[PDB]
S.K.: 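What follows is a single structure, and I will ask about it in a moment.
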Amino acid sequence: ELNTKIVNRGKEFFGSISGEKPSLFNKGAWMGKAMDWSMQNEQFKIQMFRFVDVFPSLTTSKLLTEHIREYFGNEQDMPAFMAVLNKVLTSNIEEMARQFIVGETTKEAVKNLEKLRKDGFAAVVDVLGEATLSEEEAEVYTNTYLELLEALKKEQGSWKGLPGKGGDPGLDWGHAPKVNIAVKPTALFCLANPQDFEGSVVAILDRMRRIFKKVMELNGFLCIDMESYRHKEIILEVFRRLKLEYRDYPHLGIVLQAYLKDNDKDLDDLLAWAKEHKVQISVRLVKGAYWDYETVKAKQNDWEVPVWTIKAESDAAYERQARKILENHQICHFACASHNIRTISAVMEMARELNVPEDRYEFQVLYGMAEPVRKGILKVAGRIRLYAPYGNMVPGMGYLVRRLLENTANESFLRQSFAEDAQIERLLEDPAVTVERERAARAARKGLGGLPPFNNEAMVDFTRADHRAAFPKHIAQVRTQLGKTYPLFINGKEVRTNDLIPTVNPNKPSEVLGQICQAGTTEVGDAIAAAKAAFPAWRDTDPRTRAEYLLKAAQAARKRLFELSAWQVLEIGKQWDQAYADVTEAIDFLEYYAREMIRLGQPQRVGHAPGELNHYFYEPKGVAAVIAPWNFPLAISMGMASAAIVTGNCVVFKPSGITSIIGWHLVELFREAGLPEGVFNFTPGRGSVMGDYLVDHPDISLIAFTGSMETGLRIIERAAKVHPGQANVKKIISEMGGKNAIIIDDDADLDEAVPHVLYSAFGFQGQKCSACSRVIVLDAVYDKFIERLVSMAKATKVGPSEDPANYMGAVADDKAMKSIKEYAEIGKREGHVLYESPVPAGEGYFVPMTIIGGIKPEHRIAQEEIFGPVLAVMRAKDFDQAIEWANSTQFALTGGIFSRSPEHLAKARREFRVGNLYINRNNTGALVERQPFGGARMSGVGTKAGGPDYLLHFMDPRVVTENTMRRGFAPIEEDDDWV
Amino acid sequence: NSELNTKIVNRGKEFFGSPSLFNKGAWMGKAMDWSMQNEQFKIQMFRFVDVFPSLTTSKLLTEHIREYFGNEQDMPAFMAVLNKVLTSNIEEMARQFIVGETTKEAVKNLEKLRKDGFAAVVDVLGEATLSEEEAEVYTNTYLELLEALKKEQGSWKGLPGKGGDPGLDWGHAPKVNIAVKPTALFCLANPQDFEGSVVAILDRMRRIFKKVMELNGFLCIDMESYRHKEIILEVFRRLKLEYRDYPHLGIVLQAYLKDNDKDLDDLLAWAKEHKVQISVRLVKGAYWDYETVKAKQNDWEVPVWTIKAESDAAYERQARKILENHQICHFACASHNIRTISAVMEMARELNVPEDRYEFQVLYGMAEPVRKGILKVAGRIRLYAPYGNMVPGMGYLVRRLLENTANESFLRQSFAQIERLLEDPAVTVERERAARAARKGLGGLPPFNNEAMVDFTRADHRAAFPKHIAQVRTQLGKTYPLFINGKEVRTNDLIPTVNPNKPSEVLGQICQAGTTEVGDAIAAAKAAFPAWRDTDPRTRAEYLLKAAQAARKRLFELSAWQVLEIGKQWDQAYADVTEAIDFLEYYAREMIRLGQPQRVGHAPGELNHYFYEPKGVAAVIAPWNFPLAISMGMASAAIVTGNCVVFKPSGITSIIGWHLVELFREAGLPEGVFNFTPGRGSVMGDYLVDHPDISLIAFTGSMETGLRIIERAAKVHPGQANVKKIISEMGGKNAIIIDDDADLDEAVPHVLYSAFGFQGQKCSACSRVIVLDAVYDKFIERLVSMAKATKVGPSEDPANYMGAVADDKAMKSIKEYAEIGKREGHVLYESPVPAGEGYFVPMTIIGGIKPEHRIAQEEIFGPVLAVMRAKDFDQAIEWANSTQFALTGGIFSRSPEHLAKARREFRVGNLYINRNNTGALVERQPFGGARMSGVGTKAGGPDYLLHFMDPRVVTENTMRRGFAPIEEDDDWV
Ligand SMILES: *[C]/[C]=[C]/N1=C2[C]=C([C])C([C])=[C]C2=N([C][C]([O])[C]([O])[C]([O])[C]OP([O])(=O)OP([O])(=O)O[C][C]2O[C](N3[C]=NC4=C3N=[C]N=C4[N])[C]([O])[C]2[O])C2=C1C(=O)[N]C(=O)[N]2
Ligand SMILES: C[C@@]1(S(=O)(=O)O)CC(=O)c2ccccc2C1=O
Ligand SMILES: C[C@@]1(S(=O)(=O)O)CC(=O)c2ccccc2C1=O
């Protein structure tokens, strides 16, 4: 019944449009021709849209000319509709951007808004801006709204209210405030992050409050826009708190997104909350702007995708939630925000059927698109408000790209109506019918040998209240477990020595976490003897059975995820996210290497001659020494040890002194898995006492080492000698340092480059082999890149990692703090200090977040690995010099480049020869399988952990060849070359 | 045709209207019936019968029964009770095919067969002939037999015929008829030494033939495997001409050989030319599976037809040709196939052939109804009657069982639609060919296949070596320069390279590189590197393919050089060049496979590509013992992966090293990518290894040198970009275990070859043979007796088994080791060597050796074999594992349990079961080991090229402004 009224409503709407197409679908216009070809040809769509994205950085004639050729080819190979060419492209693109923007200045915006009023349209005004990356940028954004409100304040008294059916003639349609603005919450705080939930809410709330107060001063409306899922809960809480501070002021709105599976509950909770507090609210319901982003993000982190994934589900959710809002019109004002005629028709007929007062609902569209839809709304619904952004053409271009993406999406109602000539009946169909049909249809990777395929363990997800509450609880629990003595673990038994070294909290060294027994050469010898005695039965254990112990250890760790993470926060000063990621990576190694050994464990027939069977397979070596670092104390230890173990070797394991308790987690995990005695032995000890003894020992066949170049090179040299009694040439697996650079090209997206560089340099205090310690910045973008990087750095806070508000904290120990501070002083004498953060007073191994510019390849801090929060900034005269400078060290571990030049990226792929090169993202945080990690030169020996070549380094191949012919007869085998 | 066929079909039906292994009432019938239904059981049963005569104790027998047939419960029903059940039954099955175990019994049973109307041709069962003494025993057994037959035949009444001499069989056939297996007369019969093999066999055959003629008897020369077919034909041709007036000499021809149409034509034309008479016994052929396997293993044309009806058609076609020529050629039809027999009978009638020009033969013990029928229908039937020891009687039994129960066997199919069975095989051929008419490469290239091995059954291959050796001798005396950056560079320091079998013969002079020239070569390689690294992997691979084709065209020439410069035997030389070709073909394909970047991970909004980069300059330090193969393997591997090479050949094989220069030059390899710098190790050895611009060292040679290189290269010098990657292959002290149940006819010649092939100068050579207590005396006597039959001398003469060792230095060192071993153990054999010049070390076998001894531990790299006596199989395994090396190993055993224990515990890089432990081929046997034998790299296999490269990953964030392209393999929605 209602559905039939909605369809006929939509039918009249299509009738009233008279076949008119929006400008983007007008094939008589240039933008229409461009979009037509983009919709026909996916490669051109990618070229064109990415070109419009980079366009605002093409600020010189050479940049512009080259990018045009790189994106679109030579003039002859362009489409017909496509230096003169610079002018025609520039003009058409600028014209498309102005289509969606009401002005570049406040004054121009105001004049144009008044034009729109005379044409019958209300407005909600938005300020365009690049991403806020600093406090000063947040202040500029805030002050622009204050400037806007002051201009509107002077003008609104002279505006006649838009015609209504009843109400107050001074107000739009008799009821709506004439001044309506919308603000993006994250633009008010550059470090908005649910990891610091309370801090983010407060920072945003404080600025929103200042804007709101001036909105209330002119009796205006403020809408709080909704952004990506990461900030949704923060944004809802900002709205709730501001609303309660001004419980009597009715003109405050929030956006809710119907594409979120969360939205049914979020809407219900918010209405119930409003009822409880006896307040009213306003909701602008949208479908949602970040669909592709949320799906990609969730898939990259193994989170549940937070959006519906069939487009009709979002439409059905919209009509469902709109009805809920309309039914609650008493407490909830409604803004329908959609360009979809079915959606709009649904809302109109539901409001009519529910007899909702017209002052409780209005319709909104984006300025400059769906033109015939906009005009149709005005005619049939009367009350229509245009979302009108204004400001700088740089963010204006990014906004344009997102509009073009939305208009030309395969699933777009506008594309289907105006490009594809879709049937009206199908366009106006009840989306619930659509959902069932596509759900039904959609009910129409694999693993091996009964095991699911490998997938990286889900990352900690601080959008969840339970994950946010888990860390303080588990840290507190860890604090009840302090003061213990950790013994050696040899041959399944605890062995105590009388040489104890305390392990302490680097953010609070007076806090002793425990006491670690130290192995002398006697005990190391016993560990080696136990591993050697366990080796024959372990080597003879079926590879599938050995893999099963890794799977059990992974499950044991998975059950203790937050607990194991909390130990790292305290013992080595990992931030919450850094600690959890260390534990998930350890789990990833276990799951991945288990699967790799199953794959590699089956002998393969090689060759195809009949009368003959050759089988090629692998054997372990013997006893492996595993010398692990403190910086990834569970992940890398577990990676090296489990690789050696699963391949059939037995392990003597020396954790780093300062993370010996984390090393004890390996004992716990392998013991819980029931690993046979002697296969894993835990022998922390003083390197000065037993370091060479372990490396030199005749019964060691393999050494896995991750650490400094000086130590790795020394081990490589010593391990090469063959001693009396020594059965094998020692196999060395050695990951050493990096002096990693990120290149910032002329056309880089600085909104992305700046925070990725800051995190690459200063995440975990710079204590990563992969960390960015050199940022090489192209001459023409240097001053503006540096200003933003430094201003963002200034917003960050340095302090204890157990407090999630801190960006980074103390370094590993007193020795590290002193070494790093000396490097900083050296660096300040080579270049010039750009930023040196405050650090907390009192105890703790704090090193300031430090940025030093004027650095050149000749300088020590351009060459030597500091392993701390010291970033060198280097000014390259051109891209050729940037590459040459990137390649000027003896290391080749990681590297990064931010660039949107196809030629520069191609050059970097080929010539920037690091083990792991990253394009347009941070150069840290390698994941198992996705980014197998390791390099050559002085960074290592070409082994890549977490990759499909890794396990072979811990084994040697064997071939068994059998002559199967007896008495002139051989069995035929399946793959035989025969007749 | 339809007329003749109709008569043939009708004659076939006559036979049918007119067999113990198919009798399911008897035990052998049941066992065979289950074999024909269950292939796993067939294999177990036939292999058990094969090993059975070696099961000489109660323990061996009991354990083998359980290992072959399982727990006496999971056994099929029809089968210490189980010990005696099998023993009596198997012995009974073997007796059905043998006319006696002694000459006296044979003769008496042969006389019984005569009174039953059957003629006979007598054959002497024997194990393989592995020595002159064994060849003499075999020969004298025939002489003993003939002597016994000579005294009986006058008393024999001729089988009744239609006319003629009543003192002759059927009126015309000699009453005494014997068959001899030619290779049983010479243990080293080998077409590689064609003339020597013909002469050795002919001399014994002549001795037998003279006694045959004295009795007015018939001698048939049997035909064996394809390897010896040409030798056997020539023996027949020579003996025939020596006694051109004596008509009773026959030869066997095999209709399953594609060669046979021409061989029969050739033989008939030969006989007409020489105006002699001949006799042919035409058979289908006994070695079908063997020839097919052997040809496929060596990449030779399969010499046999491979559709069974093709052999049947060939037989009828060739029988017709013989019968057309009945004037000059007597015919013996030898088939148990009723279609085949009926065809011969109607063809003989169609061509009006007199009955004294053809007869029918079957094997004693089978086709009894056929034999029953033949006698009634054809009247002239001769039984091929073997006699002798039960041991080779058992091997013969296995082969009889195999023939009877084959799917394609006329007998199995008959015991069935008669019209199908009696069909003209020509019709069957067309149908089957049509039905067949109704391994892939990659990127347009054929799949990898090992290069065809030299094939001395061919006259042209036998002629190629003396010819190419002569041509090489016209090119001696040259001075060989360095090759650096595409230019020849002369130095003043020259070292002669000489022939080790004849040191007065100087092959040329080799320029030596000083450190300055070595530095220049490294500099050239370094300068060439960037552009070579940036060359497309498919393009780099194309150069290897061009080099391989260049070598392929020079195969005999390249082989001849090795015969002279390092003393390779003909086969050893050719194999060295084919292996070089294999590496080129294989590594070219491996780089193409590895050359494409692969996406890793499946997360959307992201692309990770994983791929490989070369390292830089590689130093290649090559051995003399495989001077083209291993050199080319190491160098082409480094080159194809994008590195540039500085190559040091061994001093004494520097001319072979120069061949790498010629081959890469012919391929058009860019300058600097390959540089040739022979030099004195004391001058530039450490300089090369230590140089900071070297990123990889590929070495094959002694443990001592290899360990020194590993140690030195593990230092990183100032300006050194990388940790040096070491690819080092070092020695072996390789054992072959000879188990109680080993087949000694196989074990003996394989051990001899493994130990003394190329004078024992192989890293894979057998230098320890570990022999089980109960079979020790027996194995050692046969091994020593075979050794005694071999000759030591120049490798250019193919009559020699092995020759001089590499140089003066090697001879001295090996002789010191021989003396050490003689004090440690006891000499079992020590060959003569030629007098005069040449670096000759005797073929030396020493017994009494234990793991504690120096020659049980240290690599001698020469013709010195230690024989070690193990008390049980567990000790054999322990002793095999008692050295510091782990390169190759072998085991001769037919015990599933012992073989399984060896597969698990005999932990060498390449373990060989029931064959020699040398001769690894590319892809089939990737070669190399760990322990003190190497660093775990295997040349010629799928893990090898990665050792010359390092992986890189490029990771791209593909999302811009909220959108990322969907890629094919994305995890999506
Ligand atoms: C700053 C911001 C602002 N906002 C807004 C405001 C206004 C006034 C408006 C109008 C809007 C807005 N936004 C945006 C939105 O969201 C958009 O636009 C929408 O969504 C569009 O839609 P419509 O128009 O209704 O259309 P269509 O075509 O219908 O639809 C589309 C949609 O859907 C979805 N999807 C796709 N695909 C898919 C889906 N789902 C599921 N599945 C699948 N496959 C999406 O959503 C699209 O879009 C906004 C705002 C805020 O604040 N926030 C947000 O988020 N947004
Ligand atoms: C994220 C969006 S965008 O259009 O995709 O750029 C959402 C939106 O509707 C908007 C409207 C006006 C200005 C900016 C935006 C956005 O930031
Ligand atoms: C090689 C053969 S065997 O039967 O296959 O063993 C050929 C043959 O038919 C034969 C007949 C009588 C005695 C011995 C043999 C063989 O050695």
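When a ligand or atom number is given, it counts from 1 through the structure's own listing order. The chains referred to below are lettered A, B, ... by the order of the sequence lines, with proteins before strands, and numbering in each begins at 1. No hydrogens, no waters, no symmetry mates; every other heavy atom, side chains included, goes into these values.
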S.K.: Check the orientation of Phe418(A) and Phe25(A). Use parallel for under 30°, tilted for 30 to 60°, and perpendicular for over 60°.
M.R.: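 Tilted, since the angle between the ring planes falls between 30° and 60°.
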
S.K.: So which heavy atom in the protein is nearest atom 56 (N) of ligand 1, and how far is it from that ligand atom?
M.R.: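 Here the closest protein heavy atom is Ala289(A) CB, 3.3 Å.
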
S.K.: Using heavy-atom distances only, which candidate in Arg342(A), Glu438(A), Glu406(A), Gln416(A) approaches atom 21 (C) of ligand 1 most closely?
M.R.: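 Considering heavy atoms of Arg342(A), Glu438(A), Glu406(A), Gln416(A), the nearest to atom 21 (C) of ligand 1 sits in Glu406(A).
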
S.K.: Considering only non-hydrogen protein atoms, determine which one is nearest to atom 44 (N) of ligand 1 and report residue, atom name and distance to 0.1 Å.
M.R.: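 Going atom by atom, the protein heavy atom closest to atom 44 (N) of ligand 1 ends up being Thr309(A) O, 3.1 Å.
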
S.K.: Between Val255(A) and ligand 1, is there a nitrogen or oxygen pair with a distance under 3.5 Å?
M.R.: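 In this structure, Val255(A) places no N or O atom under 3.5 Å from an N or O of ligand 1.
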
S.K.: Tell me the contacting part of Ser314(A) for ligand 1: side chain, backbone, both, or neither, using a 4.0 Å heavy-atom threshold, strictly below.
M.R.: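 The answer is the side chain.
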
S.K.: Is there a polar contact, in the sense of an N or O pair closer than 3.5 Å, between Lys311(A) and ligand 1?
M.R.: yes

S.K.: Protein heavy atoms: any of them under 4.0 Å from atom 1 (C) of ligand 1?
M.R.: yes

S.K.: Within ligand 1, which atoms have a heavy atom of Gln364(A) less than 4.0 Å away?
M.R.: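 Counting atoms of ligand 1 from 1, those under 4.0 Å from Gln364(A) are 8 (C), 10 (C).
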
S.K.: Looking at ligand 1, does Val365(A) have a heavy atom less than 4.0 Å from it?
M.R.: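 True for this residue.
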
S.K.: Using side chain to side chain donor-acceptor pair (under 3.5 Å), reason through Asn112(A) and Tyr390(A) one step at a time and then give a plain yes or no.
M.R.: CA-CA 10 Å; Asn112(A) 285 333; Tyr390(A) 85 97; over 6 Å; no

S.K.: Between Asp50(B) and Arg966(A), is there a salt bridge with N-O shorter than 4.0 Å?
M.R.: no

S.K.: Please determine whether the number of non-hydrogen atoms from other residues, nucleotides or ligands lying under 6.0 Å from atom OH of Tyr293(A) exceeds 12.
M.R.: no

S.K.: Would you call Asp225(A) and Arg284(A) a salt bridge, taking side-chain N to carboxylate O under 4.0 Å as the test?
M.R.: yes

S.K.: Which ligand 1 atoms does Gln257(A) reach within 4.0 Å, using its non-hydrogen atoms?
M.R.: 53 (N), 54 (C), 55 (O)

S.K.: Atom 45 (C) of ligand 1: which protein heavy atom is closest, and how many Å away?
M.R.: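 So the nearest neighbour among protein heavy atoms is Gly288(A) O, 3.5 Å.
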
S.K.: Name the closest protein heavy atom to atom 37 (N) of ligand 1, giving the residue it belongs to and the distance to 0.1 Å.
M.R.: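 Minimum-distance protein heavy atom for atom 37 (N) of ligand 1 reads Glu411(A) OE1, 3.0 Å.
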
S.K.: Should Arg95(B) and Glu101(B) count as an ion pair when the cut-off is N to O under 4.0 Å?
M.R.: yes

S.K.: Which atoms of ligand 1 have any heavy atom of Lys184(A) under 4.0 Å away?
M.R.: 1 (C), 2 (C), 3 (C)

S.K.: With atoms numbered from 1 as shown, which atoms in ligand 1 lie under 4.0 angstrom from a non-hydrogen atom of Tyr290(A)?
M.R.: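 Ligand 1 atoms under the 4.0 Å threshold to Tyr290(A): 55 (O).
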
S.K.: Please test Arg415(A) against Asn410(A) for side chain to side chain donor-acceptor pair (under 3.5 Å), starting from the C-alpha separation and ending with a verdict.
M.R.: CA-CA 7 Å; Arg415(A) 177 176 173 168; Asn410(A) 286 303; 3.2 Å; yes

S.K.: At less than 4.0 angstrom from any non-hydrogen atom of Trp308(A), what atoms of ligand 1 do you find?
M.R.: 40 (N), 41 (C), 42 (N)

S.K.: Looking at ligand 1, does any of its N/O atoms fall within less than 3.5 Å of an N/O of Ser338(A)?
M.R.: yes

S.K.: Do the ring planes of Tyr318(A) and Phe334(A) sit parallel (below 30°), tilted (30 to 60°) or perpendicular (above 60°)?
M.R.: tilted

S.K.: Less than 3.5 Å between some nitrogen or oxygen of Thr343(A) and one of ligand 1, yes or no?
M.R.: no

S.K.: Sequence neighbours excluded, which residues qualify as ring-ring contact (aromatic ring centres under 6.0 Å, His included) partners of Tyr145(A)?
M.R.: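 Testing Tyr145(A) for ring-ring contact (aromatic ring centres under 6.0 Å, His included), a comparison that skips the adjacent residues, returns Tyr141(A).
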
S.K.: Taking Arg437(A) first and then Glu429(A), would you say they form a salt bridge - that is, a charged N and a carboxylate O separated by under 4.0 Å?
M.R.: yes

S.K.: Of all residues at least two apart in sequence or in a different chain, which pass the side chain to side chain contact (heavy atoms under 4.5 Å, CB included) check with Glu371(A)?
M.R.: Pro22(A), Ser23(A), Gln99(A), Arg374(A)

S.K.: Nearest heavy atom to atom 49 (C) of ligand 1: which of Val183(A), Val286(A), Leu285(A) does it belong to?
M.R.: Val286(A)

S.K.: Which residue and non-hydrogen atom of the protein lie closest to atom 28 (O) of ligand 1, and at what distance in Å?
M.R.: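 Minimum-distance protein heavy atom for atom 28 (O) of ligand 1 reads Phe413(A) N, 2.7 Å.
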
S.K.: Answer with yes or no whether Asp126(A) contacts ligand 1, where contact means a heavy atom under 4.0 Å from a ligand atom.
M.R.: no

S.K.: Please classify the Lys287(A) to ligand 1 contact at 4.0 Å (heavy-atom distances, strictly less than): side chain, backbone, both or neither.
M.R.: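 Looking at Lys287(A) and ligand 1, atoms from backbone and side chain both fall under 4.0 Å.
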
S.K.: Kindly confirm or rule out a cation-pi arrangement of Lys284(B) over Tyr256(B), judged by NZ or CZ under 6.0 Å from the six-membered ring centre and within 45° of its axis?
M.R.: no

S.K.: With the threshold set at under 4.0 angstrom, would you say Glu227(A) reaches ligand 1 through any of its heavy atoms?
M.R.: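 It does not; every heavy atom stays at 4.0 Å or beyond.
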
S.K.: Is it the case that over 12 heavy atoms from other parts of the model lie below 6.0 angstrom from the NZ atom of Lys297(A)?
M.R.: no

S.K.: Look at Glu224(B) together with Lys181(B) and state whether they make a salt bridge at an N to O cut-off of under 4.0 Å.
M.R.: no

S.K.: Just go through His339(A), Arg284(A), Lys232(A) and tell me whose heavy atom is the nearest to atom 18 (O) of ligand 1.
M.R.: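 It is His339(A) that holds the nearest heavy atom.
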
S.K.: Going by salt bridge (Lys or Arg N to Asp or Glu O under 4.0 Å), name the pairs with one or both residues in residues 382-395 of chain B, residues two or more places apart or in two chains.
M.R.: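 Every pair satisfying salt bridge (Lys or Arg N to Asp or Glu O under 4.0 Å) with a residue in residues 382-395 of chain B: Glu359(B)-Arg382(B).
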
S.K.: Report the part of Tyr318(A) in contact with ligand 1, treating N, CA, C, O as backbone and CB onward as side chain, heavy atoms under 4.0 Å; options are side chain, backbone, both, neither.
M.R.: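 The answer is neither.
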
S.K.: Show the short N or O contacts, below 3.5 Å, that ligand 3 makes with protein N or O atoms; if there are none, say 'none'.
M.R.:
{"unit_1": "ligand 3", "atom_1": "4 (O)", "unit_2": "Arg400(B)", "atom_2": "NE", "d": "3.4"}
{"unit_1": "ligand 3", "atom_1": "4 (O)", "unit_2": "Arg400(B)", "atom_2": "NH2", "d": "2.6"}
{"unit_1": "ligand 3", "atom_1": "5 (O)", "unit_2": "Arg399(B)", "atom_2": "NE", "d": "2.4"}
{"unit_1": "ligand 3", "atom_1": "5 (O)", "unit_2": "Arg399(B)", "atom_2": "NH2", "d": "3.1"}
{"unit_1": "ligand 3", "atom_1": "5 (O)", "unit_2": "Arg400(B)", "atom_2": "NH2", "d": "3.4"}
{"unit_1": "ligand 3", "atom_1": "6 (O)", "unit_2": "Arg399(B)", "atom_2": "NE", "d": "3.0"}

S.K.: At what distance is the nearest protein heavy atom to atom 52 (O) of ligand 1, and which residue and atom is it?
M.R.: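 Nearest protein contact, heavy atoms only, for atom 52 (O) of ligand 1 is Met226(A) N, 3.0 Å.
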
S.K.: Of all the atoms in ligand 1, which lie at a distance below 4.0 Å from a heavy atom belonging to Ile310(A)?
M.R.: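 The atoms of ligand 1 under 4.0 Å from a heavy atom of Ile310(A) are 41 (C), 42 (N), 43 (C).
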
S.K.: Could you measure the distance from the CZ atom of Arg342(A) to the CZ atom of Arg9(A)? Nearest 0.5 Å is fine.
M.R.: 12.5 Å

S.K.: Quick one, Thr129(B) with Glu134(B), criterion side chain to side chain donor-acceptor pair (under 3.5 Å). Give me CA distance, side-chain angles, the key distance, then yes/no.
M.R.: CA-CA 6 Å; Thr129(B) 289; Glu134(B) 291 176 5; 5.3 Å; no

S.K.: With a cut-off of under 6.0 Å to the ring centre and 45° to the axis, is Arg961(B) in cation-pi contact with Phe49(A)?
M.R.: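 No, cation not above the ring by the 6.0 Å, 45° rule.
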
S.K.: Drop me the distance from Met96(A)'s CE to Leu24(A)'s CG, to the nearest 0.5 angstrom.
M.R.: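 The distance works out to 8.0 Å.
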
S.K.: How far is atom 7 (C) of ligand 1 from its nearest protein heavy atom, and which residue and atom name does that atom have?
M.R.: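 Scanning the protein heavy atoms, the shortest distance from atom 7 (C) of ligand 1 goes to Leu366(A) CD2, 3.7 Å.
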
